[PDB]
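Taking the form deposited in one PDB entry, here's one chain by itself in structure tokens.
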């Protein structure tokens, strides 16, 4: 299935939108994971929340200034602190003359601009906010409550990691950026754009993630032995074509879901003011990637959690063998 590793787009029926797990698995029987990313479009009736009133007076306690440096499509990005603000103020700042989305004829134009001018006017990302905009009544694809095996982490261990097993909110503006990464422990991620302007994703198929690693070692020489876990690298598509790294690019509109799959390297940016919600999740398929996830050796990035419970409970036949691989 899916021989060209293309980003597949699904339009589940209402019935198919009932069991989250079961549809993930169906997307995989059609080969979605081979691209490392898929778009899902919710049924017409489905809604995340009745209305987005009073999201104005919500508090972004610690927004981040994203300072890039480098050029010719290759940058390290670093995060610096900036003042607290309401979303009202952020919306307003993100539409001001300094941060607003530049005039552009089409996508190719916008992209050219983002990658040419990255180091200027460092944008402020309202990122990593612990919360959710989903209605409790929303029972299909509600990111607070997916009901996947990732929940084994909290029931077995009492282990809660923010943005991993509880959701994060992302208030974006033009040029706000996510560096090249696979998710923590190479988990799946799912992201819902709640509102506003689009988000662009670039994605490398899992089959080739190593090529991407290999390349990042040349572009940032002197580098854990798993550099990309720092999530500091920006690399433009031109630079990927130049070096023969397969990738795809897709632009997410408001109202749409993206799911990244284990070991699917991805990065991208926002086109303007927007608000996104995301969480990680897991399936039985992920366990083996979990146990395999290459961790940062220098300390700069976290070994997020222990695979122990997952193997013990869900792979009981292989558990003894897995322990002997340890200490």
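Numbering follows the first chain given and starts at 1.
Heads up, the form deposited with a small molecule bound isn't pictured, but that's what we're talking about next.
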Contact label in the deposited bound form: residue 231 to the small molecule, heavy atom within 4.5 Å
yes
Look up in the deposited bound form whether residue 257 has a non-hydrogen atom within 4.5 angstroms of the small molecule, and give yes or no.
no
When the contact criterion is heavy atoms within 4.5 Å, does residue 34 count as touching the small molecule in the deposited bound form?
no
Against the small molecule in the deposited bound form, would residue 191 count as a contact residue? Criterion: heavy atoms within 4.5 Å.
yes
